[PDB]
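**Q** Submitted below is the structure of interest, expressed as structure tokens.
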Amino acid sequence: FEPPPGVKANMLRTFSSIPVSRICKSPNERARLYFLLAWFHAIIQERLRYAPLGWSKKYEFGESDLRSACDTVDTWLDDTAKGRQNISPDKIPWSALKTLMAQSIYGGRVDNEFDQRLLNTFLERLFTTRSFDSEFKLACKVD
Amino acid sequence: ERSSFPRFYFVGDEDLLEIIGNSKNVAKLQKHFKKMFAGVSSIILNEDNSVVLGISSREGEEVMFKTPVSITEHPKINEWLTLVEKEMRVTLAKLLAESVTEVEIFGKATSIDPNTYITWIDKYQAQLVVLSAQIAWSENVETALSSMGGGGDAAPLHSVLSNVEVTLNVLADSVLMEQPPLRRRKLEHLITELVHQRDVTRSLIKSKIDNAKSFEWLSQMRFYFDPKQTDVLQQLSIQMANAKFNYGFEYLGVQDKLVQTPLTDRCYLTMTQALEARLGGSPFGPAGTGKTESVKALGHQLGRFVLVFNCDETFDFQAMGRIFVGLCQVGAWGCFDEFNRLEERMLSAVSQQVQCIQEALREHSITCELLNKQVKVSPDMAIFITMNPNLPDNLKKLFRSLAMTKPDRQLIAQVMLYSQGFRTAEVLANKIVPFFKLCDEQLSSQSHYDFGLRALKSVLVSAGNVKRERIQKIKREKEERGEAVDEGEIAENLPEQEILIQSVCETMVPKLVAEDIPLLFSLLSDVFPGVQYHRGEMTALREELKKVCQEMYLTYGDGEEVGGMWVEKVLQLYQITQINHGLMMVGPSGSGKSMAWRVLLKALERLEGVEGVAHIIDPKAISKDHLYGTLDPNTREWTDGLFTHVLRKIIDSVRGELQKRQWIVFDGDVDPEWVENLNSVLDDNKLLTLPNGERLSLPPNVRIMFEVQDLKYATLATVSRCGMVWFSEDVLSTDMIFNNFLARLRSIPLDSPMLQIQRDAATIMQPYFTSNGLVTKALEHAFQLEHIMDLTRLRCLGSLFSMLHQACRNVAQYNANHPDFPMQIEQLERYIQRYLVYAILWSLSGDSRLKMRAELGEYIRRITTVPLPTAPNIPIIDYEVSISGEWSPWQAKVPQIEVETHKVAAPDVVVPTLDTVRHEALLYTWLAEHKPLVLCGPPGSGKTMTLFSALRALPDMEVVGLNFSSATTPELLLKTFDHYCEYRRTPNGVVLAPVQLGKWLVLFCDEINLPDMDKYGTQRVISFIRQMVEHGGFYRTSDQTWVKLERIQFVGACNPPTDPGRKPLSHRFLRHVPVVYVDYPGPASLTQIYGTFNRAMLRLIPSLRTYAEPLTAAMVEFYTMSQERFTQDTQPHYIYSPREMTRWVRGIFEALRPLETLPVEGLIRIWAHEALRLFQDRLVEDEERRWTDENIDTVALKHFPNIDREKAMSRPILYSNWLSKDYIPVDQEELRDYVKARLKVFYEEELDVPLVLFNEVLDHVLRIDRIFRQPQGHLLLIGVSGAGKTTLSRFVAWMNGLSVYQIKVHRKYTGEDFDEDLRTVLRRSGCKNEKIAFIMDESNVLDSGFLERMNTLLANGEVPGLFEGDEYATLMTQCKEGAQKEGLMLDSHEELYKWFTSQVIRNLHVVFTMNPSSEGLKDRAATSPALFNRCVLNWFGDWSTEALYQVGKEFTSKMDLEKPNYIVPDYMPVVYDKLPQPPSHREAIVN
Amino acid sequence: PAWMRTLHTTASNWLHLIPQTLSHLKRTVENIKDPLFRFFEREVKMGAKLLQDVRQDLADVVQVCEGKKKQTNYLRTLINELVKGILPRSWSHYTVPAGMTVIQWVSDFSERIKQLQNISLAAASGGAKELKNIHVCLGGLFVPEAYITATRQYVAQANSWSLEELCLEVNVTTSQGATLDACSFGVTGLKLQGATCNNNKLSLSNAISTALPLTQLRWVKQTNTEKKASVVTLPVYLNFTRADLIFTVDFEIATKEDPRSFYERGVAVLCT
Ligand SMILES: Nc1ncnc2c1ncn2[C@@H]1O[C@H](COP(=O)(O)OP(=O)(O)OP(=O)(O)O)[C@@H](O)[C@H]1O
Ligand SMILES: Nc1ncnc2c1ncn2[C@@H]1O[C@H](COP(=O)(O)OP(=O)(O)O)[C@@H](O)[C@H]1O
Ligand SMILES: Nc1ncnc2c1ncn2[C@@H]1O[C@H](COP(=O)(O)OP(=O)(O)O)[C@@H](O)[C@H]1O
Ligand SMILES: Nc1ncnc2c1ncn2[C@@H]1O[C@H](COP(=O)(O)OP(=O)(O)O)[C@@H](O)[C@H]1O
């Protein structure tokens, strides 16, 4: 049994794995943050298939790292928004998520400095207050 | 019991039992506190030893409890231990609060008083001052950011940065002047922390953080202090990111503070995220990147101690299990170092254990099953697993990873430099770090080199000490000249690149080889351009070195003159001694290390007025348990080890030895088994931790030095813990050795008239010993040749010096024997020149074959000017130098003796020949000086018997043989010493001498190189022999005292190292022992010797006496091509030695002994029969056997032409004593009929299995009977299975009365079972006088140890290992009964044991059966030489065509394949050689 | 057995293909003072020693093939490796891509030995001054970072500067239209993947790899000025496996480009 290749399949698998209640929590933007996290994880895990090009070596960006990232997002959203129905996009602790997902999670396995630079590039492209606009591009010039 | 107070659960079972028994002996519990606490090495009590006043560290810093705990009120061990722990926690918390108040007073100040500040530092511990600084800085930054909450406001956080800056400046001013070492460490730690705080505050200013909740501040590690909190332990809260840790408040003592580079902060963030998420972290990465130190520093910063397990290949589990469940119960952290190095099964076991514990820990977010026990795991438990590249599959989902790819060595260097007080630290760091990168890469790789991070830290600490010492020196100079003193003024005008280069040269130049020094200088000029360092030579010490060198007959120089390199090496050793307490000189044997440190000790004694005493201890020679001390398993009594004993003696200061300078020199190889105990002494801690728990503080004047030749097998830990000086072989040149030899000759007399003789001889030899002289050129040439053993310059030079000493003794004896005419100067010069040339030939080429001896002879003839013999072809080695200074041939010295008839081929008799007399002379020379020597030569060749002949020729030297085995250990030497010698007490000391007065005991070692070497390339007996040879004494492990050897000398013999089963000797041992190569006797020597035997043999029958000369000539002649053709290359058993020739003559004499008269044809028939039984049974191929037959025909005709071939050499050469009374020739038919009748009897009595009799069976049964009849009959039966080996062996044994014994070997047949069977056979053999045929097959052998025991039995006729204790006593009783029944009255154990050995060697008979595996044959010959040394072997092979035909007819005779209708075909496919011309049907079927 | 015959054939072909011998460099005090000479001497010594070992091993294999030589343990293991197509461990002393087979290893070894022979011939013809002006492939050398360090040390010695204050600048130009300054070293064989280098200016391209004509390494004093936002740091890997990091170059991307795009598309320079 193998995981079906594909960003669509990867995101569907991630959404199936995450419990339904955990994503639907008090801040409505938590669902958006989880979607960004799932998309980022799909982008990271897919680039492995192109091992010389997408990365420097076949890292183990498994499900455990995704679980830890989800845990961090929940912890920091609860800390920032203490039982609030709505939270502004700017007040979201973007720096905390970026730093923790560049150093702790997804950054533990990264030994080459250039892989760390590429990870920082994805993190600073995706996780930002700008993403909460309807005009945001998850990818550019795909075709 | 351990469930209550789980902190002492950390220690093991032994500590638990001891603390239970010795509860009232609180002075003995300090071992447990050393084990379980972090830095607490002892607890401070009063004179009553009943109340715990406080706790103390191993450094000396102590903590006094606010409310002391009285042990009397709580007699129970656990209750008062818990009280002590709670008390230390509370006291640390209260001291923390006090110091936080103090630093808050210090904080918020434009300027700070150095005196009050240093007082605050001295009041509290290093731990407390670092925590106080951290708390004050965190509170100040929090206050500033809270004031920043308005946003767009003025920033007083600049004031925070300015405060940190001004206190950093006062710290930098503090460390420049001299400080107490503990305060120095406190300052270093505080400066490290404040450098980190300044950098992070600068980053916060750069980012313009204005909110206390901003993540850029939250990611920095924050300390929060809450005095209002009731619990003191919960007062201090440490928070970084979203994680929160409550401070451990455990006493860590003093620890190496870790600089927080960006990588280290990343590590902290990752691990605190992992712990907050309740799962451990795994900082994988290459070695030497701070993987372990980072975890340790994280634990220390949180107040937790870490137990760093070392995961080597030799790793324990039960100790690990107990210690690790102890960590679980305590709550303290545990780190695994190089976790991948574990064995896969240990890897899986430890992975399962940590998996269970981690699962329990996540369940906690509580007890778990550990060692079949319930273990309460504290929530604060953490586990880290450093790995070197992955994590086990069962753990990959429970441990976060982190990459330690590269530490920030640049910032580490900068921060340490700034800590030591260096100005311009950044430039120096950016210069030094690439410099060690270049040293690691560009410099040639060597074993002892080390350019890691630790080396950089050591270099920087040493540079700091050097700058401090220069500051102190300039201060004293300004005190002498003028009075203006200003530390800042001196520091500002003090060069700093020069200081760092000086430290680099003082620490790294010593360990460089001669080639790498110009490269290092070029690297320094590349990185630190324009600046240079020139060492200021200690002109005070140089004069003392010159005086001591002149005293000891050495060579001294300065720089480029002769011996300058050695003097520089001694000075570098002096500097390393000055800056280190434990040293290790590395250099090839023959580099002057011993003399270097000895001369340095003498010079320091004569300079500083402090006399020095050296304790030279061999570590490998003595057992580790005796070296460090033994603790009885049952009586629990401690006996101090020799190193422990000498440390105790020095500490005791009984006769003022603390005033003296003691240098315990660990002369010998080092391996990580005993030295791991010494790893606790070579550190800055400097204390010995014995297994009993007691420690002895290392005095400052005691220096532990390891004079080891190479560092291929020492671990990196010991390499880093002590200084290193490299003594290249180029240090002392040949000129220095020559000068030392000549000076020692001129000064000390050899035993004055003979001193004058020595002086005159040295004057004569002086032109030849000069640089580029005859000796030097020959030594250069002799290195070009090939030798039986590895060549060492000191070995050849020592042999030459010893032979020159014998020359001087010869001249002294000559003058003593000619009082009327003392030998004149002219004859002295002639004799000394010729004896010199003789000595070069027999010393430089004394361990080589005749071809290279001749080559060296021709070369020296070309290059010398000394007159030499004009022999057209005879090499000068064949000529001696007579006491008259003339060249006389050795052949004149060779006599012509006639052996008795009854002594032919006897073990004792030795006919002197050319090689015999030459080796007699060399043995005489090397035994006169009591210099141990080794005879190296092929199996046989008379190495053993030549040695015994020379020794028994000398009257006053007794001899004791010791058959060294592959498992020989020095306890054999101890047993021999207590057997033949007795310890006696004398004023100099206890001396070991033989119980017999006026006798020089010699310990002949049968196979000196045979003992196996350990995994670290060490043979224990070799090291012990080296020790007694070189130190002139040894160590009695009974009381650990210097025992001096007197009237004791050693002699060895060995097979060539190239022969498999032999291990090459260590160059340190070979340097002492000259090696003589005893080769196979030549054609002339064999001719003469066996002509002597034959002339002795043929005296029985006078009518045939005139044929002795042609018989011996043919005997040697055939043997010549027999050795020349079947070389060892074709088959591993194709060896030929004069042992075979001796067996030839023995067999011929045995055949001729009973017979009264016998013609020439009978003699040739006997001679051919023995030749076929010795040189033709070993062959494999048929064509080789045909070759042997044809050449024996040719030889017999060549040397006996006037004889009939048909009668003397009739093809069925068969000899047997079964029919007639004598061993006369037997016809094949009569023998066949007799053996057929005997086989019928065998069927009737023993097992009935048909055995057809083809003539090969006749031959094999006769050979087997002949070997069993001869005493010590041992057979190596080889042939394809089922060829009749075992069956014929049993048949012969039954016929001759020997009982067949075979060992029932199964899968569970262990070595003990085989030993028991061998003991049973030995009892059945000698104690019963019943001959045993011992059946052995390689299938019955399951281990090489079986071959080792059998080898011992075959070579000695008995194995002492089998019988011991009650078994030996029962053997003694049985042999006493046997002697009583036979009629011999013996009482002592030795005579009865010798009689038992004689009974076994005359009765017991071992036969070995195997399959013809050529590679297998080589392997078995390699494993056990005894199966190939003396055991005779037969080549059964497979059945020939004739045997197959005969089996076919005889077995298929009952059936009737007689078909008259058969017609002969025109073409018959014949495969049987003797098929009848008309084939019958049955014949055709069998064909 | 047919495997023995085919191993004989391939061993003969390899022995013809691999060059014969390599000449060591002549030691001189002025040459010893030169660091480039030390590095090239070390390289030539290592290469000649390894070539001699490989030629001797193949000759012993051929002798076994004729039957005149028996298979010892080392020879048996080497024969097994050759038959299985796996690289012998004894031969592999320098860094090699993980998947490279024996035949490719022999071809690369032949090219490396030819480069070393050319270097030795040029060194013997002239001296250290000529040795500085030799275009050497980084991939061909055994330790190319040692060559970078050697050039750095050479410039530091020539201009009497300290090492820690020297920085690297890369000028990719055509081999014909190239200027060899005092601090400039010629390097060939670098292949840029993911971009095209024209006028020392990078641009994203869909070509898989662009061969750089000639890369010049210049060491200059640290300007202590921040790099422009258009400067991108490209890793230089030894082989396509991207397991070895030799050094990092700095290039100026063209206009209207985004350095984050260079990071995402995995642009890197490869020695081979
Ligand atoms: N300075 C010197 N000048 C002349 N001869 C010297 C000098 N130093 C040592 N020797 C001689 O050279 C030999 C070296 O002796 P030493 O025991 O010091 O050697 P070593 O290399 O340290 O030995 P090992 O490695 O076996 O312990 C001895 O014969 C000694 O007499
Ligand atoms: N900030 C730091 N980071 C890494 N190593 C450091 C640091 N400060 C000092 N060191 C030194 O690094 C040396 C090696 O660390 P070690 O734990 O042996 O690494 P490894 O885990 O690879 O064995 C230690 O002796 C230590 O003194
Ligand atoms: N020159 C010789 N004189 C006397 N016997 C000799 C001589 N050369 C060889 N031998 C024979 O060699 C045998 C002794 O060899 P041995 O001491 O067993 O050698 P090793 O001890 O090396 O095995 C004796 O049986 C003896 O007959
Ligand atoms: N001369 C012979 N004629 C017939 N059978 C024989 C003869 N010698 C041996 N055998 C057979 O070989 C068997 C025993 O083989 P054995 O000698 O034990 O093998 P190995 O020689 O390996 O010890 C017996 O069963 C016997 O029948």
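As shown in the structure tokens, the chain order sets the letters A, B, ...; within each chain, residues go from 1, and ligands are also counted from 1 in the order they appear.
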Applying 12 Å and only C-alpha atoms, which residues near residue 65 in chain A remain after dropping the ones on its own chain fewer than 6 positions away? List them as JSON, numbers by chain.

**A** {"A": [37, 38, 40, 41, 44, 45, 59, 71, 72, 100, 101, 102, 104, 105, 106, 107, 108, 109], "B": [274, 396, 397, 398, 399, 400, 401]}

**Q** With C-alpha atoms retained, could you export that selection as a short mmCIF file (atom, residue, chain, number, x, y, z; two decimals), in the first residue's frame?

**A**
```
data_model
loop_
_atom_site.label_atom_id
_atom_site.label_comp_id
_atom_site.auth_asym_id
_atom_site.auth_seq_id
_atom_site.Cartn_x
_atom_site.Cartn_y
_atom_site.Cartn_z
CA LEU A 37 -0.64 24.21 7.45
CA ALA A 38 -2.06 21.33 5.40
CA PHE A 40 2.37 23.71 3.38
CA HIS A 41 2.81 20.12 4.51
CA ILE A 44 6.92 20.00 1.63
CA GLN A 45 6.18 16.29 1.42
CA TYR A 59 14.08 13.93 4.71
CA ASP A 71 -0.34 21.14 18.23
CA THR A 72 1.80 24.29 18.10
CA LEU A 100 8.74 27.29 15.51
CA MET A 101 8.15 25.63 12.14
CA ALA A 102 11.58 26.72 10.93
CA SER A 104 11.67 23.10 16.04
CA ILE A 105 9.33 21.27 13.67
CA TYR A 106 10.44 20.69 10.06
CA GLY A 107 13.77 22.21 11.11
CA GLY A 108 15.05 19.39 13.26
CA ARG A 109 15.74 17.12 10.30
CA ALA B 274 10.12 18.84 22.81
CA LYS B 396 11.11 7.78 15.60
CA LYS B 397 7.61 8.93 16.54
CA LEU B 398 8.48 9.67 20.19
CA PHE B 399 11.63 11.79 19.83
CA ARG B 400 12.10 15.14 18.16
CA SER B 401 15.25 15.50 16.10
#
```

**Q** What are the nearest atom pairs, with distances in Å to one decimal, for all residues of chain B that come at most 9 Å from chain C, using only C-alpha atoms, set out by chain and rising residue number as a tab-separated table?

**A**
```
residue	atom	partner	partner_atom	distance
B:427	CA	C:164	CA	8.7
B:430	CA	C:164	CA	6.1
B:431	CA	C:164	CA	6.0
B:434	CA	C:164	CA	7.2
B:435	CA	C:163	CA	8.9
B:438	CA	C:149	CA	8.5
B:441	CA	C:146	CA	7.9
B:442	CA	C:146	CA	7.9
B:522	CA	C:33	CA	7.7
B:523	CA	C:153	CA	8.9
B:525	CA	C:162	CA	8.7
B:526	CA	C:162	CA	6.2
B:527	CA	C:162	CA	5.2
B:528	CA	C:162	CA	6.5
B:529	CA	C:162	CA	6.1
B:530	CA	C:160	CA	8.5
```

**Q** Can you tell me, as a short mmCIF file (atom, residue, chain, number, x, y, z; two decimals) with C-alpha atoms, in the first residue's frame, which residues in chain A count as alpha helix (DSSP H) by DSSP?

**A**
```
data_model
loop_
_atom_site.label_atom_id
_atom_site.label_comp_id
_atom_site.auth_asym_id
_atom_site.auth_seq_id
_atom_site.Cartn_x
_atom_site.Cartn_y
_atom_site.Cartn_z
CA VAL A 7 -1.12 17.56 -3.72
CA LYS A 8 -4.89 17.08 -3.85
CA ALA A 9 -4.61 13.56 -2.45
CA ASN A 10 -2.13 14.67 0.22
CA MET A 11 -4.39 17.48 1.40
CA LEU A 12 -7.40 15.16 1.45
CA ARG A 13 -5.43 12.65 3.53
CA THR A 14 -4.36 15.37 5.96
CA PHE A 15 -7.91 16.67 6.35
CA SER A 16 -9.20 13.14 6.89
CA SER A 17 -6.57 12.49 9.57
CA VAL A 20 -13.43 17.31 12.62
CA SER A 21 -13.88 19.00 16.00
CA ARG A 22 -10.27 20.16 16.35
CA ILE A 23 -10.37 22.32 13.23
CA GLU A 29 -9.49 31.71 11.60
CA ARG A 30 -8.14 28.46 13.06
CA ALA A 31 -9.69 26.62 10.12
CA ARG A 32 -7.84 28.92 7.72
CA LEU A 33 -4.58 28.39 9.62
CA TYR A 34 -5.07 24.62 9.50
CA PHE A 35 -5.71 24.82 5.76
CA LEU A 36 -2.46 26.76 5.30
CA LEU A 37 -0.64 24.21 7.45
CA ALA A 38 -2.06 21.33 5.40
CA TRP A 39 -1.14 23.01 2.12
CA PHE A 40 2.37 23.71 3.38
CA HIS A 41 2.81 20.12 4.51
CA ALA A 42 1.60 18.86 1.13
CA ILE A 43 4.08 21.16 -0.62
CA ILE A 44 6.92 20.00 1.63
CA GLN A 45 6.18 16.29 1.42
CA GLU A 46 5.68 16.36 -2.36
CA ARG A 47 9.01 18.04 -3.06
CA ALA A 51 15.11 14.41 -4.23
CA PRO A 52 18.14 16.06 -5.91
CA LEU A 53 16.09 19.13 -6.90
CA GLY A 54 13.33 19.69 -4.35
CA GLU A 63 2.94 12.63 9.98
CA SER A 64 4.57 13.18 13.39
CA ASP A 65 5.92 16.56 12.29
CA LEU A 66 2.48 17.55 11.00
CA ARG A 67 0.92 16.54 14.32
CA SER A 68 3.46 18.65 16.21
CA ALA A 69 2.81 21.63 13.92
CA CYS A 70 -0.94 21.32 14.48
CA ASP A 71 -0.34 21.14 18.23
CA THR A 72 1.80 24.29 18.10
CA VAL A 73 -0.82 26.16 16.08
CA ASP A 74 -3.54 25.22 18.56
CA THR A 75 -1.40 26.18 21.55
CA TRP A 76 -0.42 29.57 20.18
CA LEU A 77 -3.90 30.45 18.91
CA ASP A 78 -5.36 29.60 22.32
CA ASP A 79 -2.68 31.70 24.01
CA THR A 80 -3.23 34.69 21.71
CA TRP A 94 2.60 34.70 12.72
CA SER A 95 6.18 35.08 13.94
CA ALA A 96 5.72 32.31 16.51
CA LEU A 97 4.43 29.88 13.89
CA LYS A 98 7.15 30.81 11.39
CA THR A 99 10.00 30.49 13.90
CA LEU A 100 8.74 27.29 15.51
CA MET A 101 8.15 25.63 12.14
CA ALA A 102 11.58 26.72 10.93
CA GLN A 103 13.59 25.71 14.03
CA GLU A 113 21.89 25.37 5.53
CA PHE A 114 20.38 25.79 2.06
CA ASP A 115 17.50 23.45 2.86
CA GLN A 116 16.91 25.62 5.91
CA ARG A 117 16.91 28.68 3.66
CA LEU A 118 14.36 27.07 1.33
CA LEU A 119 12.16 26.11 4.28
CA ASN A 120 12.34 29.69 5.55
CA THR A 121 11.34 30.84 2.06
CA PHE A 122 8.18 28.73 2.02
CA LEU A 123 7.34 29.65 5.60
CA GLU A 124 7.67 33.40 5.06
CA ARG A 125 5.78 33.18 1.77
CA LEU A 126 2.79 31.28 3.16
#
```

**Q** Contacts of residue 48 in chain A at 10 Å or less, counting only C-alpha atoms, minus same-chain residues fewer than 6 places along, as a ChimeraX atom specification?

**A** /A:54-61

**Q** Output the contact residues of chain C with respect to chain A at a cut-off of 8 Å, based on only C-alpha atoms, as a VMD selection string.

**A** chain C and resid 235 240 to 243 260 263 to 266

**Q** Taking only C-alpha atoms and all ligand atoms into account, which residues have an atom no farther than 6 Å from ligand 1? I'd like them as a list in words.

**A**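 The residues near ligand 1 are residues 554, 555, 556, 588, 589, 590, 591, 592, 593, 594, 595, 709, 736, 737, 740 and 1068 of chain B.
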
**Q** Within 6 Å of ligand 4, counting only C-alpha atoms and all ligand atoms: which residues, as a list in words?

**A**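 Result of the 6 Å neighbour search around ligand 4: residues 1249, 1250, 1251, 1252, 1253, 1257, 1281, 1282, 1283, 1284, 1285, 1286 and 1287 of chain B.
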
**Q** Just list the residues in range 103-267 of chain C DSSP gives strand (DSSP E) on the backbone, as a PyMOL selection string.

**A** chain C and resi 136-137+166-173+184-188+191-193+195-198+201-204+210-211+214-221+231-237+245-253

**Q** All residues within 7 Å of ligand 3 are required, counting only C-alpha atoms and all ligand atoms; please report them as a ChimeraX atom specification.

**A** /B:905,907,909-913,916,937-945,1006,1054-1055,1080-1081,1085,1089,1138-1139,1142,1429

**Q** Residues of chain B within 12 Å of chain A, counting only C-alpha atoms - could you list those as a VMD selection string?

**A** chain B and resid 213 to 219 241 to 243 262 to 279 281 to 286 389 to 391 395 to 406

**Q** Once you count only C-alpha atoms and all ligand atoms, what closest atom pair and distance in Å to one decimal does each residue of chain B within 10 Å of ligand 2 have, with rows by chain and rising residue number, as a Markdown table?

**A**
```
| residue | atom | partner | partner_atom_place_in_ligand_line | distance |
| --- | --- | --- | --- | --- |
| B:256 | CA | ligand 2 | 27 (O) | 7.3 |
| B:257 | CA | ligand 2 | 8 (N) | 7.5 |
| B:258 | CA | ligand 2 | 8 (N) | 4.5 |
| B:259 | CA | ligand 2 | 1 (N) | 4.3 |
| B:260 | CA | ligand 2 | 1 (N) | 5.2 |
| B:261 | CA | ligand 2 | 1 (N) | 5.5 |
| B:262 | CA | ligand 2 | 1 (N) | 8.7 |
| B:263 | CA | ligand 2 | 3 (N) | 7.5 |
| B:264 | CA | ligand 2 | 1 (N) | 5.8 |
| B:265 | CA | ligand 2 | 1 (N) | 9.0 |
| B:267 | CA | ligand 2 | 3 (N) | 9.7 |
| B:283 | CA | ligand 2 | 21 (O) | 8.7 |
| B:284 | CA | ligand 2 | 21 (O) | 8.8 |
| B:285 | CA | ligand 2 | 22 (O) | 7.2 |
| B:286 | CA | ligand 2 | 22 (O) | 5.9 |
| B:287 | CA | ligand 2 | 22 (O) | 3.3 |
| B:288 | CA | ligand 2 | 22 (O) | 3.2 |
| B:289 | CA | ligand 2 | 22 (O) | 4.2 |
| B:290 | CA | ligand 2 | 4 (C) | 3.4 |
| B:291 | CA | ligand 2 | 21 (O) | 3.4 |
| B:292 | CA | ligand 2 | 17 (O) | 3.8 |
| B:293 | CA | ligand 2 | 17 (O) | 4.2 |
| B:294 | CA | ligand 2 | 3 (N) | 6.4 |
| B:295 | CA | ligand 2 | 17 (O) | 8.5 |
| B:296 | CA | ligand 2 | 17 (O) | 8.5 |
| B:297 | CA | ligand 2 | 1 (N) | 9.1 |
| B:308 | CA | ligand 2 | 17 (O) | 9.7 |
| B:336 | CA | ligand 2 | 21 (O) | 9.6 |
| B:337 | CA | ligand 2 | 21 (O) | 6.7 |
| B:338 | CA | ligand 2 | 23 (O) | 7.7 |
| B:386 | CA | ligand 2 | 21 (O) | 6.9 |
| B:387 | CA | ligand 2 | 21 (O) | 8.6 |
| B:388 | CA | ligand 2 | 22 (O) | 8.2 |
| B:404 | CA | ligand 2 | 22 (O) | 8.3 |
| B:405 | CA | ligand 2 | 22 (O) | 9.7 |
| B:406 | CA | ligand 2 | 4 (C) | 8.6 |
| B:407 | CA | ligand 2 | 4 (C) | 5.4 |
| B:408 | CA | ligand 2 | 3 (N) | 6.8 |
| B:409 | CA | ligand 2 | 3 (N) | 7.7 |
| B:411 | CA | ligand 2 | 1 (N) | 8.4 |
| B:412 | CA | ligand 2 | 8 (N) | 6.1 |
| B:413 | CA | ligand 2 | 8 (N) | 9.0 |
| B:415 | CA | ligand 2 | 8 (N) | 9.5 |
| B:416 | CA | ligand 2 | 8 (N) | 9.0 |
| B:452 | CA | ligand 2 | 14 (C) | 7.9 |
| B:453 | CA | ligand 2 | 12 (O) | 5.4 |
| B:454 | CA | ligand 2 | 25 (O) | 4.7 |
| B:455 | CA | ligand 2 | 25 (O) | 8.4 |
| B:456 | CA | ligand 2 | 11 (C) | 8.9 |
| B:457 | CA | ligand 2 | 27 (O) | 6.8 |
| B:458 | CA | ligand 2 | 27 (O) | 8.9 |
| B:717 | CA | ligand 2 | 18 (O) | 9.4 |
| B:720 | CA | ligand 2 | 25 (O) | 9.3 |
```

**Q** Quick one, how far is CA of residue 1328 in chain B from CA of residue 964 in chain B?

**A**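 Computing the Euclidean distance for CA of residue 1328 in chain B and CA of residue 964 in chain B yields 29.2 Å.
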
**Q** Could you tell me how far CA of residue 1473 in chain B lies from CA of residue 1256 in chain B, in Å and to one decimal?

**A**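 CA of residue 1256 in chain B lies at a distance of 15.4 Å from CA of residue 1473 in chain B.
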
**Q** With only C-alpha atoms as the counted atoms, please give the residues lying no more than 12 Å from residue 348 in chain B, apart from itself and same-chain residues fewer than 2 positions off, as a PyMOL selection string.

**A** chain B and resi 317+339-340+342-346+350-355+391-395

**Q** Using only C-alpha atoms, determine which residues lie at most 7 Å from residue 135 in chain C, disregarding the query and same-chain residues fewer than 2 positions distant; provide the list as a list in words.

**A**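 That gives residues 133, 137, 186, 187 and 188 of chain C.
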
**Q** Just C-alpha atoms for this one: save the residues we selected as an mmCIF file, in the first residue's frame.

**A**
```cif
data_model
loop_
_atom_site.group_PDB
_atom_site.id
_atom_site.type_symbol
_atom_site.label_atom_id
_atom_site.label_comp_id
_atom_site.auth_asym_id
_atom_site.auth_seq_id
_atom_site.Cartn_x
_atom_site.Cartn_y
_atom_site.Cartn_z
ATOM 1 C CA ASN C 133 47.640 30.306 -14.412
ATOM 2 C CA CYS C 137 38.312 21.501 -13.059
ATOM 3 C CA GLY C 186 40.704 29.771 -13.788
ATOM 4 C CA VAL C 187 38.230 26.991 -13.036
ATOM 5 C CA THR C 188 36.367 24.913 -15.618
#
```
